[PDB]
Amino acid sequence: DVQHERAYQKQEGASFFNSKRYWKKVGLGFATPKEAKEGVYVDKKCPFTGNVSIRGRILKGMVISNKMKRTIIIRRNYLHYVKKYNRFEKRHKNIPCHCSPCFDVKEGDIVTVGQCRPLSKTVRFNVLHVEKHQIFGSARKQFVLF
Amino acid sequence: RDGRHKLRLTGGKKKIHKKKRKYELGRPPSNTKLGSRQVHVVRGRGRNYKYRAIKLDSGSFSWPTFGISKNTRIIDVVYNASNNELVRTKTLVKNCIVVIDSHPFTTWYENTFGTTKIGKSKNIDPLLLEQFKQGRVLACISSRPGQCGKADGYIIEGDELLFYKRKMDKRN
Amino acid sequence: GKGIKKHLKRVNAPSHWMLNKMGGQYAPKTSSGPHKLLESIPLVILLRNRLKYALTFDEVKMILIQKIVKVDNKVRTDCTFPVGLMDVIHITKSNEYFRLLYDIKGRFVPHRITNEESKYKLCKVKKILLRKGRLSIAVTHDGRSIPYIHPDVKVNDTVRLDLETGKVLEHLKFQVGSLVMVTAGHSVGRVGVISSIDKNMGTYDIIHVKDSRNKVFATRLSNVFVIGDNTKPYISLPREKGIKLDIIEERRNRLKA
RNA sequence: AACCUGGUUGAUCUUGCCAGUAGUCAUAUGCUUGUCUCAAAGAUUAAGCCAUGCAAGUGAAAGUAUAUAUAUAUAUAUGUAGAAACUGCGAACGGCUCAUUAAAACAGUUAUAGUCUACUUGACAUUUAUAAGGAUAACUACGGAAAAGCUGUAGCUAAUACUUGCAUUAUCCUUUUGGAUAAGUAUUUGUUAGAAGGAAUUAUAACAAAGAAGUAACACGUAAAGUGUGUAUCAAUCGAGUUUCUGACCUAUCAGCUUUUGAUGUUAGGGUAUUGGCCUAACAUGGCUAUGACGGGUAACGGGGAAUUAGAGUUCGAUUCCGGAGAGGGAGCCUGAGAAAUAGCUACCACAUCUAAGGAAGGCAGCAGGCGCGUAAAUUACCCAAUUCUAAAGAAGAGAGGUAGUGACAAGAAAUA
RNA sequence: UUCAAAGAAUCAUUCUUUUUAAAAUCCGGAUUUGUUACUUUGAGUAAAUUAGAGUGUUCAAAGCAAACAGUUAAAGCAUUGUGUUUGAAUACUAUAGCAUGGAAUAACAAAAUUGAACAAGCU
RNA sequence: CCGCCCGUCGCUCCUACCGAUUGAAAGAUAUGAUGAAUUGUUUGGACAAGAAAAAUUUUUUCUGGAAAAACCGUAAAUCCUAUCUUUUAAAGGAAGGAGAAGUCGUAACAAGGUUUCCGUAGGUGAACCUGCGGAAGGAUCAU
Ligand SMILES: [Mg+2]
Ligand SMILES: [Mg+2]
Ligand SMILES: [Mg+2]
Ligand SMILES: [Mg+2]
Ligand SMILES: [Mg+2]
Ligand SMILES: [Mg+2]
Ligand SMILES: [Mg+2]
Ligand SMILES: [Mg+2]
Ligand SMILES: [Mg+2]
Ligand SMILES: [Mg+2]
Ligand SMILES: [Mg+2]
Ligand SMILES: [Mg+2]
Ligand SMILES: [Mg+2]
Ligand SMILES: [Mg+2]
Ligand SMILES: [Mg+2]
Ligand SMILES: [Mg+2]
Ligand SMILES: [Mg+2]
Ligand SMILES: [Mg+2]
Ligand SMILES: [Mg+2]
Ligand SMILES: [Mg+2]
Ligand SMILES: [Mg+2]
Ligand SMILES: [Mg+2]
Ligand SMILES: [Mg+2]
Ligand SMILES: [Mg+2]
Ligand SMILES: [Mg+2]
């Protein structure tokens, strides 16, 4: 079932009647997956299929959640240097990202996300490329320096 | 009013330290209706006027298959994926499905070739044809009348049309 | 209320004005115009601190009032009009012609120049718009729109532009071995040939510029101003000829005098 | 200058504090002080309260003068000034303070392919005319009110106020000439077609519909035919808003928070200059957290920095610059390109002034100055000369700013032979 | 988990050149090969302060000026006229972000109740 | 060792605690009630400019439009709770520290005249005593 909303999920930029489905390239060498080019699914905020251009930062993360609809959480784990102790310390930050159903992403999977406009109250990113990866504890606890 | 005054995602109260800066303007909704035309001008930022349609009728409606358009009175609102209240109140917004007085399109067709620039070959749907037979056809609105001040829209077609019919479906 | 700022504080003034800390509280605040305040210079500074024709702002104003100072050949009576990187100034009474250039430090000098060469000015294009009637218009660092520019002109290249009439003479592509001047960080006066351009994907396109002492230095492509083909510059450069010496070397030079 | 001495004992060696010791762009205060230079100074307590004065106006060709004055040339011609007022531009800058505010603000780093942008610059336009329409100020006369930057009536009259409103270019045939077809800038919708940019639903081009605003019914006399004023779109610029990443002090005797009241997301909308739970509706049940969420505290505005350090560091940063915020307290608007403005307005609260008691105006965290508080802080000074801003832009204004006055805050030089 | 080896200069040591495997690329010759940390170069940053260069503010604190030639001209350079040389450097502007050379040290990724590399054939 | 000193008990001073008192006070949020002003829309229609008729007056239609009103929406302020924070009173209670050659003992230091000390339980004017199990920091490094 494609049309799940009260509205008709169309795909802006499609052009149905005249001409010789719509996707774009997004750039920075991130290959548009098969599932975007083939495989109907409408998404306003897909990098490839929709109308959001990714631009600004690109940062790899590691997914913590799939619980939201078409939306993912990724903790960036990183090292904050403290000059007093000339040592580091694990620190982190949970970036919420928009997904788009071209990417089937279970937790612990590495992703890379481009920036893009403010899509919601907190989701300013969308996932461009999903490496696979496997995890055994909780993704919560995996430090992957990156 | 476009601004903060809102919890912090962790659910912590942002203790506010800033009034309301005018560029965070949230001026109130024009619930634009049917009727004889009547539109006010609101003065947005750099003298950028925008046209609060408050009553409307004679929007520009397109026929996508043939890629043409005509100005018609719009005779009723019949669905609103936002909420049914709006449709009850007969309020036009940017994805309202409404009914056009659809004689104009028919007339155009007649003028061009047959009876119910030219890449004709498509030659109409069954459902659409049926609709035309009663005079009055379902059509999305596509302008945001509250901003733009026009009820510009387009005729609903094939799959989308079917879906909307289903949604409408009566039944009990 | 809160809108734009009309004043400029004399310490917050950009260093290459070379103002005092004393000798005032404020600075002139370039009018909006064809140049970016941080890389421009108002006419006041030129008249008063560089040529020293005026002692005061008042004197500068007086001078301007006589319609005798032209910048790119059309007059200006606005004391704080920004002059900027390449622009020819024609002080009419002395019959002096200056062209603004950079020193080997960040500083603007007024160069002094012939009638003949004065009639043109170099201008680097930045954007190349399409407009109505599929006519292309280049937009120069001089905040000036050149319409109907020759199609082979691309986004970074310079253009030799006439002043008497708005039309262009010739253009110089941004090539691998094109004589270049700089106009921003560290290596500002520097003049080189170009070795290599990086052409980064999402980022600033960094370029490397070999000098005539063969000292390579890098720079953003943003702030590089094409000035020649490998052989000859299309403008008269200052005495130093954009050869930013080492510190030690400079000191030695100073000593030998 | 990478520093240590005295103090437990009858004596000793330790641990260990106390004490000394030096510095502080760190305040006070005591005694004392002949020069000169330089110069902080009601921040700390009460973002407590304020008498009086001043702090934003503006006209040197260039909107509007039968208030009016005046000089030439032959009762007219030009002119030259011009109080007043209308119009325009400015008053959103500056200045002050630091109460708020602890992932907020701010710093760096992006982003704006998510926007707005007056003045300035450069490009540069589209569906009666030898010149149109009223109606308004100052003003005249009649007024009112104790008073107020109060205004009533009647009569005029202008404007660059307000309002109308008059060929040529691109596509096809002929030899530069004569025909045919069109002909709206943003903006919006639908349909397509597609020189950049890493990436386009981008520029752009076509078709079908709408469609603002505009393209001089203006003013000088200039330059070597020019200028001022105005004007659609574009670009530049002065910016602004949002926004990415990273970065903060004390507290766990704050451990679970957030979600009916949008918390997290999806959809559709509304709204915005644009993005966005920013708001609405519908649907999910998310989101944050022991890498400290959520509270609490801060005698917290942030940063550039300051002090002190061999090197680490520790403390400070109200305070020359940048940013934020606020104008007694909240809230709300109008104007405008830009204000949620405070020497704009509306309202309430808290203070408080005049009043003939009817009403009226008022906001020093501008400059001085005063009371209060206090350990704790200067003249009701002179000026626009410099530095700048604003203006109808040399020629005017500016408590911005500067100059002196007070000044043993600091800092430097230096008598008393 | 590629260790090493050989030649030339210098006062046992220092700095330099050359080759010792495998794969892809280019007309037998010649040239690319995990990610991040880390490090090196840059780039880009306001000045004021700070360090710091120059400069006898009479010294100094300063400041960002100055110096030079002359009882008034020579000299230069300009085609009688025009002073001249200049200076207001440089470094600091995180712990993050940007590009960047990297051989060590660290991680991590790649890797057998089976994993991928070619040559032939068929779709 | 005529050393050292321990605790109650008096007496004076100072400090903080408990404390009935629905103690008090100010401030902060959170709810609710009322709700000034006001953007927007809606209703209005004092009037000011047109159109219709009669010789300046009458009736009817179209424009712009003030007051007034209604509805959302921002939402001050006031009152009521509630909670929290912060100072702050209080009879009495019970600690602490200081002082004064005060009372009562002798707890500890020596085998300190019952070795000491631990944890625990009960006791007792007070130091303390006793039980149980520990320790040597024992007065035993030893059959
Ligand atoms: Mg304010
Ligand atoms: Mg001490
Ligand atoms: Mg003296
Ligand atoms: Mg005070
Ligand atoms: Mg002060
Ligand atoms: Mg003038
Ligand atoms: Mg006047
Ligand atoms: Mg200000
Ligand atoms: Mg006008
Ligand atoms: Mg809802
Ligand atoms: Mg504070
Ligand atoms: Mg500060
Ligand atoms: Mg304070
Ligand atoms: Mg006050
Ligand atoms: Mg206000
Ligand atoms: Mg005031
Ligand atoms: Mg007030
Ligand atoms: Mg004062
Ligand atoms: Mg004092
Ligand atoms: Mg002046
Ligand atoms: Mg015994
Ligand atoms: Mg005893
Ligand atoms: Mg005993
Ligand atoms: Mg007994
Ligand atoms: Mg007993």
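By the naming in the PDB entry, chain C is 40S ribosomal protein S4, taken from Plasmodium falciparum. The title field of the PDB entry reads "Cryo-EM structure of the Plasmodium falciparum 80S ribosome bound to the anti-protozoan drug emetine, small subunit". Taken directly from UniProt, the Sequence similarities (unreviewed entry) text for chain C runs: "Belongs to the eukaryotic ribosomal protein eS4 family."

The name given to chain B in the PDB entry is 40S ribosomal protein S8, with the source organism recorded as Plasmodium falciparum. Database annotation for chain B, UniProt heading Sequence similarities (unreviewed entry): "Belongs to the eukaryotic ribosomal protein eS8 family."

Caption draft 1: Spotlight on the UniProt feature "binding site: Mg(2+)" (unreviewed entry) in chain C. Residues and elements named next belong to chain C. Following the UniProt record, one finds the feature "binding site: Mg(2+)" (unreviewed entry) at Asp58. For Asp58, the location among the structural elements is in helix α2 (residues 57–65). Judged by relative accessible area, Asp58 falls into the partly exposed class, the value being 40%.

Caption draft 2: Broad picture of the domain arrangement of chain C. Residues and elements named next belong to chain C. The assigned domain composition of chain C is domain 1 (1–116), domain 2 (121–171) and domain 3 (174–244). Here the C-alpha centre of domain 3 lies 21 Å away from the C-alpha centre of domain 2. Of the residues lining the interface, 9 residues belong to domain 2; the matching set on domain 3 comes to 11 residues. Roughly 810 Å² is buried in total at the junction of domain 2 and domain 3, and carbon and sulfur atoms are behind 61% of that figure.

Caption draft 3: Region of the structure containing the sheet that holds strand β7 (residues 108–110) of chain C. Residues and elements named next belong to chain C. If you walk across this open sheet you meet the 5 strands as β4-β3-β5-β6-β7, and the pairing is antiparallel. Whereas interior strands pair on both sides, the edge strands pair on one side only; in this sheet they are β4 (74–75) and β7. Looking at chain direction, strand β5 (residues 88–91) and strand β6 (residues 96–102) are connected through 4 bridges and run antiparallel. Directly across from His90, in β6, lies its bridge partner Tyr97. Together, β3 (69–71), β5, β6 and β7 form the strand contacts of helix α1 (residues 43–50), whose direction differs from that of β7 by roughly 70 degrees.

Caption draft 4: Structural detail: the environment of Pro145 of chain B. All names here are of chain B. Position of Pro145 among the secondary structure elements: in helix α4 (residues 145–148). For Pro145, a relative accessible area of 2% corresponds to the buried category. If we skip the residues at most four places from it in the chain, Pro145 touches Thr32, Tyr51, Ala53, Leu56, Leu92, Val93, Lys94, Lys150 and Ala151.

Caption draft 5: Layout of the UniProt feature "domain: KOW" (unreviewed entry) in chain C. Per the UniProt record, the feature "domain: KOW" (unreviewed entry) sits at residues 173–200 of chain C. End-to-end, the C-alpha atoms of residues 173–200 of chain C are 20 Å apart, and along that stretch the chain is 0% helix and 25% strand.

About the cut-offs
Residues numbered from 1 in each chain as written, not as in the entry; some residues may be left out. Chains lettered and ligands numbered in written order. Part of a larger assembly, values for the part shown. Heavy atoms only, no water. UniProt positions renumbered as here; feature names shortened; annotations may be inferred. Helix = DSSP H or I, 4+ residues; strand = E, 2+ residues; numbered from the N terminus. Buried < 20%, exposed > 50% of the residue type's maximum accessible area, 1.4 Å probe, protein only. Domains from an automatic or database assignment. Contact = heavy atoms within 4.5 Å. Buried area = accessible area lost by both parts, 1.4 Å probe. Pairing = 2+ DSSP bridges. Axes fitted to C-alpha atoms, helices over the stretch in contact; angles between N-to-C directions.

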